[PDB]
Amino acid sequence: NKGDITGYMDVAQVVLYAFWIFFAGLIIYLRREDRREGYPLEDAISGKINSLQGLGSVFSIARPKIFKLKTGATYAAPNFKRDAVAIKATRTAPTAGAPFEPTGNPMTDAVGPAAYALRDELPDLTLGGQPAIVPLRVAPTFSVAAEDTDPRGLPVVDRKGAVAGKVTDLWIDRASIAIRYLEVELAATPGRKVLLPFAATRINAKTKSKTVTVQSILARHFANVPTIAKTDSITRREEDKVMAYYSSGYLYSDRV
Amino acid sequence: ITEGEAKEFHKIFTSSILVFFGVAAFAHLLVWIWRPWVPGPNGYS
Amino acid sequence: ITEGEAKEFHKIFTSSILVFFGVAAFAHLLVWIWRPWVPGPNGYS
Amino acid sequence: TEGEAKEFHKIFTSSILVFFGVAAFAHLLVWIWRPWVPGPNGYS
Amino acid sequence: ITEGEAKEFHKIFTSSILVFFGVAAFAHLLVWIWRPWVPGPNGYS
Amino acid sequence: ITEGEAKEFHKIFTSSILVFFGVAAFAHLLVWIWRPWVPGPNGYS
Amino acid sequence: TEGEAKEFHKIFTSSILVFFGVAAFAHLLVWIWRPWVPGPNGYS
Amino acid sequence: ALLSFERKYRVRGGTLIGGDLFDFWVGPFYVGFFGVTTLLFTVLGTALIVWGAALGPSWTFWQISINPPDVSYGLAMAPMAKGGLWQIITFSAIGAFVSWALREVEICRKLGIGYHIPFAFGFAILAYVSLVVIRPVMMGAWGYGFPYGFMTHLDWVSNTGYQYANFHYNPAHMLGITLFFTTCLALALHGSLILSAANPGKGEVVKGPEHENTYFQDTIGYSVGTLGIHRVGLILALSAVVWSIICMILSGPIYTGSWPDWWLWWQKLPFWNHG
Amino acid sequence: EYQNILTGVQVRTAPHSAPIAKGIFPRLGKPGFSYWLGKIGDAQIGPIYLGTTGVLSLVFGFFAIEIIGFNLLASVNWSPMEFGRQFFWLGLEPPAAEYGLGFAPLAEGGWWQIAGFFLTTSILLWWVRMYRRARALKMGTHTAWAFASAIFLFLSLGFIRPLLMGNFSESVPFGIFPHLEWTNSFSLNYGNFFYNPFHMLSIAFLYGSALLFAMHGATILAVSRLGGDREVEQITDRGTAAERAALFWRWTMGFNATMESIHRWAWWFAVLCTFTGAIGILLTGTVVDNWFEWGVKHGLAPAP
Amino acid sequence: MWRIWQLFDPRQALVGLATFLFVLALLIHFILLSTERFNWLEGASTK
Amino acid sequence: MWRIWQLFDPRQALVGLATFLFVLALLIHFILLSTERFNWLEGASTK
Amino acid sequence: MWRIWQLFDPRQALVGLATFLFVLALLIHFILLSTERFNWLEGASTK
Amino acid sequence: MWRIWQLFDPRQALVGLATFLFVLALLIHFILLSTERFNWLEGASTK
Amino acid sequence: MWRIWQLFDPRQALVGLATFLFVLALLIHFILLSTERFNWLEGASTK
Amino acid sequence: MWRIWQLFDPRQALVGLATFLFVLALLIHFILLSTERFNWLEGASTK
Ligand code: 07D
Ligand SMILES: CCc1c(C)c2cc3nc(cc4[nH]c(c(CCC(=O)OC/C=C(\C)CC/C=C(\C)CC/C=C(\C)CCC=C(C)C)c4C)c4c5nc(cc1[nH]2)C(C)=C5C(=O)[C@@H]4C(=O)OC)C(C)=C3C(C)=O
Ligand SMILES: COC(C)(C)C\C=C/C(C)=C/C=C/C(C)=C/C=C/C(C)=C/C=C\C=C(C)\C=C\C=C(C)\C=C\C=C(C)\C=C\CC(C)(C)OC
Ligand SMILES: CCCCCCCCCCCCO[C@@H]1O[C@H](CO)[C@@H](O[C@H]2O[C@H](CO)[C@@H](O)[C@H](O)[C@H]2O)[C@H](O)[C@H]1O
Ligand SMILES: CCCCCCCCCCCCO[C@@H]1O[C@H](CO)[C@@H](O[C@H]2O[C@H](CO)[C@@H](O)[C@H](O)[C@H]2O)[C@H](O)[C@H]1O
Ligand SMILES: CCCCCCCCCCCCO[C@@H]1O[C@H](CO)[C@@H](O[C@H]2O[C@H](CO)[C@@H](O)[C@H](O)[C@H]2O)[C@H](O)[C@H]1O
Ligand SMILES: CCCCCCCCCCCCO[C@@H]1O[C@H](CO)[C@@H](O[C@H]2O[C@H](CO)[C@@H](O)[C@H](O)[C@H]2O)[C@H](O)[C@H]1O
Ligand SMILES: [Fe+3]
């Protein structure tokens, strides 16, 4: 009557169907944006570019958008830079859906939860073109705020209670003011130094004494933590490697 | 899996197919004797 | 896939699909005998 | 690729002709049962 | 793409759109014969 | 982009748009023959 | 071990038979109490 | 069928139950034991919903409804024809949700990430359980749960809301609405800030965390931080769900009257009760 | 077992900010630090930028708020006690139907119109402020358009639908309980606003926004041990945190987003929540008198 | 038209056709089922 | 006019055009189904 | 026709086809059950 | 006026123009459908 | 047909099949309990 | 079935069967309690 267009069809229904068309287009756009990393898909066994995909393939992958960096650098998304098919693991079954048996110590072989993305060897930059993740020694201005336990010199122990080492230095992000890493000197090897992510620590400020505990890896696992080069500025690949190694603890912290 | 153990498993699998189907067929025969489930043109009863 | 198994797989697939189609056709024939599903120009008298 | 383009097109044409033929037979049977084009006075 | 393949694609596209438009116009003519969609001063009936 | 095709596009564009208008105006003329959309002092009809 | 599989199967089949026997006895007791297959006119 | 980086984390382990039996993938999906169980419950619940649609008079997707048993049955199991089907679908839905969350737990262990996602899904499962189990049990009948239907569960929402004559006046409902709206606003701000930092315009090199902090320091006067924003967003959504659960437990099990005149307590505090 | 839900150890440094052109106005606010905010997020407070558009928006908004509050206090005969008693029930009511879209008497809705105009102007000037602040920092204007969606819903509620109906009588009052009562009576007058399909879409997108911002928050908190909280850096250089975040959802859900595109989903769900809502508000009364009868006609109701 | 397979991979075209025609067959069947005349399950009278 | 395909990938153009044409055809068919006169399935009389 | 398995893996084809056939059979059975004439459980008279 | 394409990308401008014209045409058609006089599906009388 | 176990591992396909069979059996029992003739617990009369 | 436990974990199998059997028995017991005839707590009359 008042709002109809043709007998049964009215304005509200037409606007609804217009929204449905727009939402289908928006879903297509959002899925195109989603398919900007890890695409196109590879075969599970051989690794050839194959996938059960229809007429939407032409619309599935977007043209590489270009990200500009404040160093002259550039990222392409999608960049069709893929991983090698042969990893340090073997198929439990040759059925393309089976999982992988690691063929070694997966902590130091970067297999599974220990696997780290193959990033670039450049530290995160600040607004001034300098490394963002730095030790507190080479950032005199930065200081640990009061009313919080200072995690310097506290014993670093695992869940079993064994004192893995001692913390000497804190590594912090300059871009976002927060602690990133604790520098830990090994009680077993003074000549060895490791980085333990701050996200992997408990404050433990409420106990008989003050200590730093880690629930992921055991004390001996601190003897194989990946090392870094500059000791005062850490690249993205190095930090990603260290975090992946520490995060691999929970799955297989007691052998494989 | 090998080509021989597959046959060995297929033998016992077929035996279980037959046992399951026979039990189910007896169940359906008993239910049909109790209450058939195909209506007539005039319905049921 | 290796073509050396496609010959066998397609023949098994054809045999099984004809078996499935024939069973479905016999079931449809039985249902039609019991009650056809295409009304005449009066309904379902 | 043109290596199997001709033969795939031939098989595709055979399949799509089979599909259209059976669909047309189905539509013919449906029309014999009940036509779907109403006359000037509607359906009778 | 190169210009030759563009010209060939254009030729095929022109033939295809000609066939599509002809078939659609044929369908429109049959629909018009069935029921025209442009009403008169009094309407349709 | 380089000027070498700035005209090459334009010559097509200024033609295609014309063709578009040449169709659309035609359509409007037919509509005016059917039902004009400018009412008179006493309203439509 | 492989012998452990056989021992588990022996104890498991013993448990199967005793469990199914007690279940059958319970079902027979219930059936004597109240049968669950109605007649043409219902239970009553 | 794998991402460019997928055939590197597809290791075994990380499963709570099943060992190596169901530790595999089907297409993109990880199955596990709890994927099998969520298929078990989903297939059965959906089949029962379609069966109730067949017993229903519509087949209209928005008029298909599975009704809970009438309140005259109390907390008793109901005959499948009249009420029992809703109960079985409820139990199947609970089992499927729990299997989904547990499968997420197995995936989290396999990838060595935190269990935040299944914990957050636990709150949605709890909201559903409070709507179909906890509240009907406290109220004493299964007929206080909502029907499983597209538009009929909205009829349930409206009927129960107007049962207290204006359900807006439920203060826990006010707080849950505030949290839901604030979650939507915070999500808009966060997605917008991330997109603007990543896509700053022609030229316009990608901006860092300092630029993102500066934007909301200039516009609002405070910036939460690229880590704290996900914290506050998860807490906002979970608290919205918690306060919705609270407002629905308060209505019926605890409060059985008009929410609008619950607020007269405020009108009559001793320092303005002019009388 | 740490979770990154609270920051046990905080860091405090010399406050700093991205460089902007000086402009007519400087940065204002002498930045300080707070402890609970630093526990949940960053600890620094301010400084707030106050440009020409900022001053304009603040002046218009303050004028509107003072008008609204003065009217609320005057409605209870300037009694602070009775203002406390009735504060939630107090409301600046819109002008009646007879006055159309013209100026009503101040007591009869003129104050409501003046306050609404000033509030609309301040909100639009705040939108301009968000746009200009994003452009000044050499960033994109996604926040401005996300805000524009909310402004569309606000203007549809307050101004656009009155324009279409030619009447401010059915606009929403300036009160705590009065605007909820407006919501209730608007739904009742137009037949079970659940049967509005754009209301259903808006609720779907609000639920989806909460769902998405719980999923995404929990995902980033789950990969925060892997540098996953540093989202823009994982967007420009994909780390293993982003890879595991994608693979979790790909294995549990069949598909996944990018660290960049998940926030596109986040943007669009929030924007659509209010876009569909504004459309549904603009459709009621004008096109659809009764949403229940529309639902009956279109198969949403069993046709009583 | 044998050349279109230079543009469209046979797998992609075949999967897309399968899905699209299945959905269209469902749609047409459901439309027929919602009609008074062509619903072959209730078999309502023509006249 | 053959130059448009230098602007657009022929796969993109063809798939997008097929999508647009099918959606438009569905739209028109549904609009006709909504009318009393052109609904060929209930077939209301012209009179 | 056998060349179809040079496009499609047989294992995933089998599992997907089995799932689709089972869902279709469930749908048709439920549709018949909701039908007055073809519900073999309720069994109303066709006369 | 041929220098406009030195400012606007012909591909982007042509796509945007096509989409804008399609939405405008669709809206005009629906507006005419809404009116009594120019609705060509019901075909109401001029008088 | 003995070769099917090359396509599907018995140790897991068997358990999945058992779960599917249990779901189907329990669904059919629920459907029968929902009826009026085949509900053996209600035991409603056929006459 | 000689050694089927060389393939299935006896602990996992035992726990799964205990849970399945408990759930099924609880379901059957609740279904009986839902009835009018086999509710041994209500204790209705057979006659
Ligand atoms: C009895 C009531 C009835 C009942 C049936 C029912 C029930 C439910 N509903 Mg509804 N609702 C009803 C009525 C109804 N409902 C809505 C709206 C929604 C949307 C709002 C989205 C939002 O974010 O809004 C909120 C966003 C706005 C208003 C837009 C942005 C606002 C801005 C920028 C304001 C800026 C402010 C300042 C700068 C501050 C200074 C100013 C001053 C001091 C004055 C959302 C989706 C939503 C949810 C649900 C749910 C979940 C339920 C359940 C569970 O039952 N409802 C609005 C709308 O969009 O409708 C299409 C709307 O207008 C309207 C009406 C009349
Ligand atoms: C996607 C849809 C989503 C939905 C669910 C949603 C809902 C609601 N969003 C709501 C409120 C606001 N939203 C905002 C801002 C605007 C501020 C303004 O207008 O100031 C302009 C007004 C005024 C100036 C008037 C008063 C002023 C006061 C109280 C101070 C008076 C005193 C003074 C000046 C003196 C003292 C001080 C000195 C310095 C001297 C406010 C806080 C904004 C945004 N929403 C977005 C989106 C969403 N909003 C996005 C993307 C945003 C922005 O960009 C923008 C912003 O700044 O966000 C931080 C409300 C009440 C909502 C509900 C639920 O109803
Ligand atoms: C700082 O304050 C001190 C004094 C402490 C206290 C002051 C004030 C107080 C306590 C204020 C309290 C205010 C309250 C409780 C406000 C509640 C507000 C709510 C909930 C509002 C909610 C919705 C209202 C909306 C959405 C109204 C929208 C109205 C609009 C958009 C109207 C626009 C109207 C226009 C543009 C009119 C045009 C017509 C004319 C011709 C007049 O325009 C010139
Ligand atoms: C595990 C798989 C098991 C598969 C089981 C499949 C069973 C299918 C049965 C098909 C044959 C049934 O055929 C059906 O038989 C019943 C017999 O009661 C007939 O029923 C007829 O006879 C009965 C008994 O006298 C009377 O109610 C009446 O005369 C009439 O209804 C139906 O008219 C016929 O259509
Ligand atoms: C997987 C297997 C799928 C099998 C699908 C089978 C599809 C075809 C089945 C129906 C074939 C047509 O079946 C035929 O239909 C015509 C209607 O025109 C009907 O015609 C018959 O019955 C009607 C009344 O019911 C009478 O008016 C008519 O005089 C008589 O000839 C019959 O029902 C049958 O002779
Ligand atoms: C290219 C695409 C866009 C095309 C745009 C075309 C726009 C112009 C179309 C209308 C032009 C004006 O058209 C002119 O209107 C006047 C209005 O009085 C008409 O005048 C007459 O027509 C009306 C119509 O009811 C009569 O009642 C009356 O006798 C008289 O007023 C002219 O007969 C007509 O020629
Ligand atoms: C008339 C009815 C009531 C409506 C109010 C109308 C007046 C207020 C809105 C006017 C339009 C404002 O539009 C905006 O104006 C301000 C100046 O005021 C300008 O912005 C200016 O202030 C900004 C503040 O960040 C500074 O960077 C700089 O001093 C300058 O750019 C913008 O370039 C212009 O986009
Ligand atoms: Fe984020």
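Values reported hereafter were calculated over all heavy atoms of this structure, with side chains retained and with hydrogens, waters and symmetry mates removed. Each chain gets a letter, A, B and so on, in the order the sequences are listed, and its residues count up from 1. Atoms within each ligand, like the ligands themselves, are counted from 1 in listed order.
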Identify which protein N/O/S atoms are less than 2.8 Å from atom 10 (Mg) of ligand 1. I:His199 NE2
Quick one: do the I:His142 and I:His263 side chains pair a donor with an acceptor below 3.5 Å? no
Could you work out, for atom 14 (C) of ligand 5, the closest of C:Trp32, C:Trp37, C:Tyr44, D:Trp33 by heavy-atom distance? C:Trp32
Nearest neighbour of atom 54 (O) of ligand 2 from the list I:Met130, I:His179, I:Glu66, on a heavy-atom basis: I:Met130
Given the protein's heavy atoms, is any one of them under 4.0 Å from atom 66 (C) of ligand 1? yes
Would you kindly specify which portion of H:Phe181 sits under 4.0 Å from ligand 1, judged on non-hydrogen atoms: side chain, backbone, both or neither? side chain
With heavy atoms and a 4.0 Å threshold, my read on which part of I:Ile151 contacts ligand 1 is neither
Any protein heavy-atom neighbour for atom 63 (C) of ligand 2 (distance below 4.0 angstrom)? no
Carboxylate-amine/guanidinium proximity below 4.0 Å for L:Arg37 and J:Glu42: no
Counting only heavy atoms, which portion of I:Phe62 has something under 4.0 Å from ligand 2: side chain, backbone, both, or neither? side chain
Atom 19 (C) of ligand 5 has as its nearest protein heavy atom C:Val38 O, 4.6 Å
How far is atom 24 (C) of ligand 5 from its nearest protein heavy atom, and which residue and atom name does that atom have? C:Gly40 CA, 3.6 Å
Region of I:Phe152 that comes within reach of ligand 1 [heavy atoms, distance under 4.0 Å]: neither
Nearest-contact summary for atom 37 (C) of ligand 1 - protein heavy atom, Å: I:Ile123 CD1, 4.7 Å
Taking the side chain as everything from C-beta on, heavy atoms only, tell me whether C:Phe26 gets closer than 4.5 Å to C:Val31. no
Under a plain distance cut-off of 3.5 Å, with no hydrogens placed, do H:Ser251 and H:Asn170 share a side-chain donor-acceptor pair? yes
